[PDB]
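Next up: a single chain in structure tokens, the form deposited in one PDB entry.
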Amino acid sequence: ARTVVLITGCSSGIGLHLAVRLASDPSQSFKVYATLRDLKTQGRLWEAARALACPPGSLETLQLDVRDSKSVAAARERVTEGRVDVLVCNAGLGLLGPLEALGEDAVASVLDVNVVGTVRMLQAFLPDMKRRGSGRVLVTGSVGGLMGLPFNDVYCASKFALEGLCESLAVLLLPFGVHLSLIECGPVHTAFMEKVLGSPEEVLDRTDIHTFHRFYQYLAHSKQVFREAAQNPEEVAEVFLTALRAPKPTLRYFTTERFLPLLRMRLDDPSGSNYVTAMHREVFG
């Protein structure tokens, strides 16, 4: 046999890299169901798989759109092993921009994919894990799920939502033998979508010039943060592996400790003033 892993959002970034990392593991201990919202995006996954010489049958792609419980259920049915040892909820959407410039549908979609989609995955796969008294659920988290980032209001809302979702589940799942962990990622080097945001023109047309100016500042700041802190997806994917291998996985794994300090500041001040002030200064100088 093998550790059956099913990962959502494997078209790019972390999910893609994790899928191939697992499938190509020298031990051949993993059987990966790299699921993708749209199978038409599986090319990079297969290119990466081949690059890592994933043995035939180590990696299988399934369509799995986490917005669709039917898709979730259909993918689950495609797990020939009849069990998922490791469920990686990585499907996600970003949403960047002045809150008032974000389309309502875009906002809804982010919550639907990031939060409800993860809920759908958990509803579909948790029961069997609880029944077996075993199973690892890894959820791609973000430091933006731990601290608010201007112009990422909805994205952060969704990532924070995952924190609440997973933490709540973790409290319950403790004695079930089902381990849920969030892999708290910082910026990761991944060239994938999200550019559906909106051109400067459309953004400026949906917000005020001051907010737009701040948005620019945030973007400039974000570029710097990525330029300085973005991790390779391989390093991040390895954190998932680490969480997977841990006999007693913690609720959270950080891919970086870079933001722990800013994070510590949030509990040091539950009023949130310290964080807000510090982050405003951090982002806007």
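Residues that one form lacks are left out of the comparison. Rigid core (definition): largest C-alpha set, two forms, superposition within 1.5 Å. Residue indices: 1-based, along the sequence shown.
The discussion below concerns the form deposited in another entry, not included here.
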item: From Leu172, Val196, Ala73, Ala108, residue displaced between the shown form and the other one - CA threshold 2 Å or more, rigid core; value: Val196
item: Shift in CA distance, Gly141 and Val196, in the other form relative to the form shown here, given it is 3 Å or more; value: closer
item: Closer or farther in the other form, the Cα atoms of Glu194 and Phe160, when the shift from this form is 3 Å or more; value: farther
item: Displacement runs between the shown form and the other one, C-alpha, 2 Å or more, three or more consecutive residues, core aligned; value: 191-198
